[PDB]
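Protein chains in written order, with the authors' numbering: chain A, 1 to 116; chain B, 1 to 116. Comments concern the structure below.
Protein chains: 2
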Amino acid sequence: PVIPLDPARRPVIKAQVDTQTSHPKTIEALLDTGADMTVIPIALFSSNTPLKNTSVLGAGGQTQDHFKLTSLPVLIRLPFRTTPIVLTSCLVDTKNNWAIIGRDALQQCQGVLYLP
Amino acid sequence: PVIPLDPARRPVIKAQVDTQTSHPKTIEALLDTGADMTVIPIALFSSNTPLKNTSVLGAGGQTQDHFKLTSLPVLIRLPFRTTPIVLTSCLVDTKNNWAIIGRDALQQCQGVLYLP
Ligand SMILES: O=[N+]([O-])c1ccc(S(=O)(=O)N(Cc2ccccc2)[C@H]2CNC[C@@H]2N(Cc2ccccc2)S(=O)(=O)c2cccc([N+](=O)[O-])c2)cc1
């Protein structure tokens, strides 16, 4: 589908996220061309899985306690599409409720940005 | 043009920005569909130049200090189209000097996100 760009209406999508730590979950995620890596809420991971340490830069400066890093690949499926997007590693938001589809996933699904 | 999406290569673009407080300048801006409002470097604005205090959400939570708000509209020109993008107001990065094209500007040039 063609998704219009609107400052008042964020470009969201419903995507099934398989973290391979629990059961695959359909969540609402922001489509983000500014993001390099995909951000997945920590609420989808099991309580006993190890996550790597890292630091990420953003608006309110950088941080090292806000984001973590997956130990296992994350599979992401789109609404009617059936083959999953395979991300070797992706960011994990441990504080807020953040689901962000980055360019890493937007590449495998042939996603592009068009300017008339 | 059709801008491809790649995690290893940011969707940057050259744009001419007029802050109406000084000489119009050329910057390299990041095409960001996740940004509600456009962010321009404070290095564009003259030294005086009243700017408003504002609060912005991003990476390391919310920030009371990083971003300011323009008092006057911001003229933005792109390589292709001859007519300029007119934003009523946009964000100003004081800490760093990021150039980020949000959906506010992408709407006025009718930019869309295409997912096959
Ligand atoms: O207009 N806004 O509300 C608005 C909000 C937020 C921003 S923003 O944080 O600077 N800034 C821009 C930006 C771009 C590149 C690098 C850092 C920041 C945001 C906007 N999109 C990228 C970035 N981040 C996500 C996000 C999206 C919407 C709202 C808040 C935060 S981020 O940082 O979590 C995610 C962030 C950064 C990097 C990665 N990653 O995978 O590498 C993922 C700008 C404008």
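Using N, Cα and C, we set each Cβ at its ideal position, and we do this for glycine too.
Near-chain B residues of the segment 57-78 of chain A (beta-carbon distance less than 7 angstroms), N- to C-terminal order: Interface annotation for the segment 57-78 of chain A against chain B: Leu-57, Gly-58, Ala-59, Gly-60, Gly-61, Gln-62, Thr-63, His-66, criterion Cβ-Cβ distance under 7 angstroms.
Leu-30/A: CB within 7 angstroms of a non-hydrogen atom of ligand 1: Because some heavy atom of ligand 1 lies under 7 angstroms away, the Cβ of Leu-30/A counts as near it: yes.
Below-8 angstroms beta-carbon distance, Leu-115/A vs any chain B residue: Yes, its Cβ sits closer than 8 angstroms to a Cβ of chain B.
Chain-ordered residues of the segment 22-38 of chain B with a beta carbon less than 8 angstroms from chain A: Within the segment 22-38 of chain B, those residues whose Cβ lies closer than 8 angstroms to any Cβ of chain A are, in chain order, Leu-30, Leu-31, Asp-32, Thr-33, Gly-34, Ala-35, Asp-36, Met-37.
Boundaries (first-last residue) of the beta strand (DSSP E) holding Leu-113/A: It spans 112-114 - the beta strand (DSSP E) in which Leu-113/A sits, taken as one unbroken run.
Alpha-carbon to alpha-carbon, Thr-38/B and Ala-99/B: One alpha carbon belongs to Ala-99/B, the other to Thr-38/B, and they sit about 8 angstroms apart.
beta-carbon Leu-113/B near ligand 1 non-hydrogen atom, thresh 7 angstroms: No; taking the cut-off as 7 angstroms, the Cβ of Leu-113/B has no heavy atom of ligand 1 nearer than that.
Interface flag, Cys-90/A vs chain B, CB-CB below 8 angstroms: In terms of beta-carbon proximity, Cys-90/A stays away from the interface with chain B, with every pair separated by 8 angstroms or more.
Continuous alpha helix (DSSP H) stretch holding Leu-78/B: start and end: Under the DSSP assignment, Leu-78/B falls outside any alpha helix (DSSP H); it carries neither an H nor an E label.
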